[PDB]
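Comments concern the structure below.
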Amino acid sequence: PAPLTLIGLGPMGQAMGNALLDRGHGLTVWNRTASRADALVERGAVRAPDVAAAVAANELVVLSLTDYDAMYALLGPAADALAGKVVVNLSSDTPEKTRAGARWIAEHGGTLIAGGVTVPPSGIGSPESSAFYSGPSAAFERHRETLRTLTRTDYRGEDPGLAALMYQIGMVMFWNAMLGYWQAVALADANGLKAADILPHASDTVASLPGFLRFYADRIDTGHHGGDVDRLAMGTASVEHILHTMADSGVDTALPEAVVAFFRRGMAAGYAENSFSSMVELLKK
Amino acid sequence: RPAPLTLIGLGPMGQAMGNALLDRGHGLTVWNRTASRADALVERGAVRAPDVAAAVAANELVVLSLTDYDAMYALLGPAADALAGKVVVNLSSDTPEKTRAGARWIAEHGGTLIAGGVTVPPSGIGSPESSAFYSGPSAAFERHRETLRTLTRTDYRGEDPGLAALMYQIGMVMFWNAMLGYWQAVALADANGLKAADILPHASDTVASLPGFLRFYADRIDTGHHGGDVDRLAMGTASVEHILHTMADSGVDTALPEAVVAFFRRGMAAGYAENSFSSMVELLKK
């Protein structure tokens with residue numbers, strides 16, 4: 001297995017580092033908080049003197065940070081060390097910031113591959129694990145086998161933003177679904193029910209979503225927002241009852257208020273008789 | 001032998017329910033604000049009651065499928081006297097408090113109100129896969145549980161009438177939020193030249209992971225474990241900020257991601273950066 005440098009050791013990056021060591025990869029790490037690399041070092045990782053040394057150690061540098069601004073902060077004072085290096089950046093950020101980071105890396109003679117890892121850290125190294133990748137194909141094919149140690153690879157194309165776009169598209173579904181669950185757990189707690197008590201209905205509800213995804217996919221793509229199976233007017237009534245249910249039980253209402261606010265906008269747009277899918281048209285450019 | 005019953009409320013759900021009862025040979029009495037909505041059912045063999053008073057008088061079991069409980073008061077006002085001794089199964093969505101007040105109302109007219117929460121769209125009525133939460137007087141429910149089975153499986157929760165409304169709302173707040181997350185992903189995709197079919201695999205995969213995330217976080221929330229060993233609120237706040245800016249960068253409306261971002265930022269203000277994003281459940285709680 002090929003050697004590489006890894007910079008960034010939060011839950012995800014520690015899991016990536018342990019996975020890389022597990023397959024046989026000579027791993028050089030570097031972190032501002034040196035304590036966070038101690039365990040990896042005892043597991044065999046080479047602690048790098050500084051960030052310039054870490055960049056210089058290997059051709060392949062994997063980054064796992066908060067955003068692309070964190071790549072400018074750490075690599076900037078080592079920017080000349082980047083000539084000939086391949087920077088696989090797995091940090092979340094917008095497609096536009098990823099494209100700028102990609103241009104900035106090419107500035108210093110490096111090559112950036114953008115990655116969006118679509119599994120929690122426990123998924124690093126598992127057959128289920130996946131990640132979108134985009135950027136220069138030859139640079140990706142060269143180091144793909146290293147990347148397959150972390151996740152299955154899903155190369156989206158030459159645009160460095162594609163991996164970022166698809167990672168964000170998945171994340172906004174994740175966060176919103178989990179926020180609905182948080183609200184349900186709060187409402188249940190407020191009424192003397194643990195998460196364990198609503199878990200069967202909650203799981204049932206989320207397990208029906210793929211069929212709903214598929215139904216509304218064909219309709220939205222054909223422009224079919226007709227009201228034959230649901231009516232925005234009823235959807236609005238329903239999100240209002242959730243808002244007032246939550247208010248009655250003492251649960252914070254900022255999130256349901258925004259939801260009600262959005263449906264009433266579709267009502268204002270004339271969509272009462274249409275499907276609540278009609279609100280994608282409100283969200284569109 | 002299938003019991004006879006009255007069905008008031010002939011909107012899509014009511015139409016589906018009437019058709020299911022008729023398919024099983026139930027003696028169906030129907031009534032609606034608009035009499036045209038009973039046309040198909042009357043042709044199939046439903047008796048159209050001439051008025052709500054006769055509809056309520058036709059049987060002990062009165063099934064309602066209306067917008068809310070306010071609607072019940074407005075249409076069952078003329079039939080107020082016939083409600084004596086009747087079991088009114090309201091399958092109308094509403095708040096637990098409004099459901100309880102409607103129960104108090106029906107009791108003030110000598111009747112008994114059972115609260116119903118149908119967990120499925122009208123297409124699911126009649127399916128064994130479908131269920132509905134029920135709450136209210138156990139005796140009255142057990143007397144008509146067989147009739148209700150024609151519509152969906154029964155999940156009786158208890159005597160509290162608002163109980164069935166609560167569990168119904170609990171599932172609904174999860175449905176709308178997940179589908180609003182999908183709507184945002186379709187708009188972002190469309191803004192970048194991708195159709196809903198293009199992102200459907202990753203969309204389905206994301207919602208396919210949810211049961212595991214639910215079980216994982218159910219144990220931890222219940223045990224008070226908001227430790228940041230698998231996720232950090234700080235990383236979470238950054239992610240929703242990236243979503244917000246990605247959608248702004250794409251020209252997509254951002255009221256929805258603005259709310260999410262404002263929510264994560266309150267957990268950041270509460271000092272939760274190193275905790276799991278599950279910690280913000282404490283911010284929502286009573």
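Ordering of the structure tokens sets the chain letters (A, B, ...); residue numbers start at 1 within each chain; ligands are numbered from 1 in the order shown.
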Task: Near-residue 9 in chain A list (10 Å; only C-alpha atoms; drop same-chain fewer than 2 positions) as a ChimeraX atom specification - done: /A:6-7,11-17,29-34,36-37,40,63-65
Could the residues in this selection be written to a file with C-alpha atoms, as a compact mmCIF listing (two decimals), in the first residue's frame?
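To be explicit, this is the file written out as again03.txt:
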# COMPACT_ATOMS: atom_id res chain seq x y z
CA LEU A 6 -3.06 13.00 6.42
CA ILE A 7 -3.87 16.40 7.99
CA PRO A 11 -13.75 11.90 14.42
CA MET A 12 -13.64 11.39 10.59
CA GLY A 13 -9.90 11.93 10.21
CA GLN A 14 -8.98 9.64 13.11
CA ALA A 15 -11.10 6.92 11.50
CA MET A 16 -9.39 7.54 8.14
CA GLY A 17 -5.95 7.37 9.81
CA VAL A 29 0.17 12.89 10.21
CA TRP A 30 0.24 16.52 11.31
CA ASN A 31 -2.23 18.42 13.53
CA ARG A 32 -2.21 21.80 15.29
CA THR A 33 -3.30 19.97 18.49
CA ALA A 34 -0.42 17.45 18.62
CA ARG A 36 -4.82 14.39 18.67
CA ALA A 37 -2.13 12.43 16.74
CA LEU A 40 -2.05 7.27 15.64
CA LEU A 63 -7.08 16.66 4.07
CA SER A 64 -9.97 16.44 6.55
CA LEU A 65 -10.78 19.92 7.94
Open item on the list: For residue 139 in chain A, find every residue with an atom within 10 Å (counting only C-alpha atoms), except residues of its own chain fewer than 2 positions away, and show them as a ChimeraX atom specification.
Closed with: /A:60,85-88,111-113,134-137,141-144
TODO: Just the residues within 8 Å of residue 256 in chain A, please, counting only C-alpha atoms, with nothing from its chain fewer than 6 positions along; format it as a PyMOL selection string.
DONE: chain A and resi 239-240+242-243
Just-selected residues, N, CA and C atoms written as a PDB file, in the first residue's frame:
ATOM      1  N   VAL A 239     -48.834  21.094   8.626  1.00  0.00           N
ATOM      2  CA  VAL A 239     -47.670  21.695   9.263  1.00  0.00           C
ATOM      3  C   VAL A 239     -48.091  22.748  10.277  1.00  0.00           C
ATOM      4  N   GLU A 240     -49.299  23.300  10.147  1.00  0.00           N
ATOM      5  CA  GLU A 240     -49.815  24.193  11.181  1.00  0.00           C
ATOM      6  C   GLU A 240     -50.183  23.420  12.440  1.00  0.00           C
ATOM      7  N   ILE A 242     -48.811  20.691  13.417  1.00  0.00           N
ATOM      8  CA  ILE A 242     -47.566  20.287  14.066  1.00  0.00           C
ATOM      9  C   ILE A 242     -46.984  21.450  14.865  1.00  0.00           C
ATOM     10  N   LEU A 243     -46.963  22.631  14.254  1.00  0.00           N
ATOM     11  CA  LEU A 243     -46.517  23.838  14.939  1.00  0.00           C
ATOM     12  C   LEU A 243     -47.284  24.043  16.232  1.00  0.00           C
TER      13      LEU A 243
END
- [ ] Write down as a VMD selection string the residues belonging to range 81-219 of chain A that are assigned strand (DSSP E or B) by DSSP computed on the backbone.
- [x] chain A and resid 86 to 89 111 to 117 130 to 134 152 to 157
Go ahead and write the selection's residues with C-alpha atoms as a PDB file, in the first residue's frame.
ATOM      1  CA  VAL A  86      -1.846  15.666  -5.065  1.00  0.00           C
ATOM      2  CA  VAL A  87      -4.193  17.174  -2.476  1.00  0.00           C
ATOM      3  CA  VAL A  88      -7.303  15.055  -1.944  1.00  0.00           C
ATOM      4  CA  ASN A  89      -9.518  17.400   0.072  1.00  0.00           C
ATOM      5  CA  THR A 111      -3.462  19.064  -8.060  1.00  0.00           C
ATOM      6  CA  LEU A 112      -6.649  18.989  -5.983  1.00  0.00           C
ATOM      7  CA  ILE A 113      -9.134  16.115  -6.020  1.00  0.00           C
ATOM      8  CA  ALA A 114     -12.362  17.049  -4.246  1.00  0.00           C
ATOM      9  CA  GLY A 115     -14.020  14.387  -2.105  1.00  0.00           C
ATOM     10  CA  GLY A 116     -17.299  14.145  -0.224  1.00  0.00           C
ATOM     11  CA  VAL A 117     -17.422  11.129   2.073  1.00  0.00           C
ATOM     12  CA  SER A 130     -18.695   5.678  -0.354  1.00  0.00           C
ATOM     13  CA  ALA A 131     -17.453   9.097  -1.396  1.00  0.00           C
ATOM     14  CA  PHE A 132     -17.934  11.334  -4.407  1.00  0.00           C
ATOM     15  CA  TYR A 133     -14.722  12.360  -6.149  1.00  0.00           C
ATOM     16  CA  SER A 134     -14.080  14.962  -8.835  1.00  0.00           C
ATOM     17  CA  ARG A 152     -15.726   2.859  -2.428  1.00  0.00           C
ATOM     18  CA  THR A 153     -15.032   5.551  -5.039  1.00  0.00           C
ATOM     19  CA  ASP A 154     -17.709   7.331  -7.130  1.00  0.00           C
ATOM     20  CA  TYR A 155     -15.870   9.592  -9.609  1.00  0.00           C
ATOM     21  CA  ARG A 156     -18.335  12.241 -10.757  1.00  0.00           C
ATOM     22  CA  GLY A 157     -16.156  13.983 -13.366  1.00  0.00           C
TER      23      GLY A 157
END
Task: 12 Å contact set for residue 56 in chain B, only C-alpha atoms, chain neighbours under 5 positions out, as an MDAnalysis selection string - done: chainID B and resid 5:8 28:31 48:51 61:64 75:89 111
Create the file for the chosen residues now, containing N, CA and C atoms and written as a tab-separated table (two decimals), in the first residue's frame.
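For reference, result-v8.tsv as written:
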chain	number	residue	atom	x	y	z
B	5	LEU	N	-72.36	1.59	9.07
B	5	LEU	CA	-71.72	2.82	9.60
B	5	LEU	C	-72.01	4.07	8.76
B	6	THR	N	-71.81	5.22	9.38
B	6	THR	CA	-71.98	6.50	8.67
B	6	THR	C	-70.60	7.08	8.37
B	7	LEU	N	-70.42	7.63	7.17
B	7	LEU	CA	-69.15	8.30	6.80
B	7	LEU	C	-69.45	9.74	6.35
B	8	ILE	N	-69.00	10.71	7.13
B	8	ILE	CA	-69.13	12.15	6.78
B	8	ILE	C	-67.73	12.67	6.41
B	28	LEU	N	-73.13	1.18	4.17
B	28	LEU	CA	-72.55	2.52	4.29
B	28	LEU	C	-73.56	3.65	4.12
B	29	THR	N	-73.62	4.54	5.10
B	29	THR	CA	-74.44	5.75	4.97
B	29	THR	C	-73.45	6.92	4.81
B	30	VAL	N	-73.62	7.72	3.77
B	30	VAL	CA	-72.66	8.82	3.49
B	30	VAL	C	-73.33	10.19	3.55
B	31	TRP	N	-72.55	11.20	3.86
B	31	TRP	CA	-73.04	12.60	3.84
B	31	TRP	C	-71.82	13.50	3.65
B	48	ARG	N	-77.26	7.62	0.57
B	48	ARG	CA	-77.00	9.05	0.83
B	48	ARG	C	-77.99	9.54	1.87
B	49	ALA	N	-77.54	9.88	3.06
B	49	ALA	CA	-78.47	10.48	4.05
B	49	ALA	C	-78.89	11.88	3.56
B	50	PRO	N	-80.17	12.27	3.71
B	50	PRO	CA	-80.63	13.57	3.23
B	50	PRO	C	-80.01	14.75	4.00
B	51	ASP	N	-79.56	14.51	5.23
B	51	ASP	CA	-78.99	15.58	6.08
B	51	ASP	C	-78.07	14.97	7.14
B	61	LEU	N	-71.97	3.94	14.76
B	61	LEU	CA	-70.60	4.37	14.40
B	61	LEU	C	-70.64	5.49	13.37
B	62	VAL	N	-70.12	6.66	13.74
B	62	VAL	CA	-70.04	7.81	12.80
B	62	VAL	C	-68.55	8.07	12.53
B	63	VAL	N	-68.13	7.88	11.29
B	63	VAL	CA	-66.71	8.10	10.91
B	63	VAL	C	-66.56	9.47	10.22
B	64	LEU	N	-65.67	10.32	10.75
B	64	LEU	CA	-65.42	11.65	10.15
B	64	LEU	C	-64.04	11.75	9.49
B	75	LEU	N	-70.29	21.19	11.09
B	75	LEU	CA	-71.18	20.30	10.31
B	75	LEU	C	-72.04	19.43	11.24
B	76	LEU	N	-71.55	19.09	12.44
B	76	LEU	CA	-72.30	18.25	13.41
B	76	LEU	C	-73.14	19.13	14.34
B	77	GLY	N	-73.13	20.44	14.14
B	77	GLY	CA	-73.97	21.36	14.93
B	77	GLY	C	-75.44	21.03	14.77
B	78	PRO	N	-76.00	20.99	13.54
B	78	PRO	CA	-77.38	20.53	13.36
B	78	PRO	C	-77.67	19.14	13.92
B	79	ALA	N	-76.70	18.23	13.87
B	79	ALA	CA	-76.87	16.83	14.32
B	79	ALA	C	-76.54	16.68	15.80
B	80	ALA	N	-76.40	17.79	16.52
B	80	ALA	CA	-75.97	17.76	17.93
B	80	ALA	C	-76.82	16.84	18.80
B	81	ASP	N	-78.12	16.77	18.54
B	81	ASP	CA	-79.02	16.01	19.45
B	81	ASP	C	-78.92	14.51	19.17
B	82	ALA	N	-78.75	14.12	17.91
B	82	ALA	CA	-78.70	12.69	17.53
B	82	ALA	C	-77.43	12.04	18.05
B	83	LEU	N	-76.44	12.82	18.47
B	83	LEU	CA	-75.13	12.26	18.90
B	83	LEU	C	-75.26	11.42	20.17
B	84	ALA	N	-76.43	11.42	20.81
B	84	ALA	CA	-76.61	10.68	22.07
B	84	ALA	C	-76.40	9.18	21.87
B	85	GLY	N	-75.43	8.61	22.58
B	85	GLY	CA	-75.17	7.15	22.52
B	85	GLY	C	-74.34	6.73	21.30
B	86	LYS	N	-73.85	7.69	20.53
B	86	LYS	CA	-73.14	7.36	19.28
B	86	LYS	C	-71.63	7.33	19.49
B	87	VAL	N	-70.94	6.49	18.73
B	87	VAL	CA	-69.47	6.46	18.77
B	87	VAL	C	-68.98	7.24	17.56
B	88	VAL	N	-68.36	8.39	17.79
B	88	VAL	CA	-67.84	9.25	16.68
B	88	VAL	C	-66.33	9.04	16.52
B	89	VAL	N	-65.93	8.33	15.47
B	89	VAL	CA	-64.49	8.08	15.20
B	89	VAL	C	-63.97	9.18	14.28
B	111	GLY	N	-72.64	11.47	23.33
B	111	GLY	CA	-71.85	10.53	22.53
B	111	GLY	C	-70.50	10.18	23.12
- [ ] Please provide as number ranges by chain all residues within 9 Å of range 215-227 of chain B, with the sequence filter that same-chain residues fewer than 5 positions apart are discarded (counting only C-alpha atoms).
- [x] A: 185, 194-196, 199, 203; B: 210, 232, 274-279, 281
- [ ] Identify which of the residues B:257, B:14, B:137, B:128 lies closest to residue 255 in chain A, counting only C-alpha atoms when measuring atom-to-atom distances.
- [x] B:257
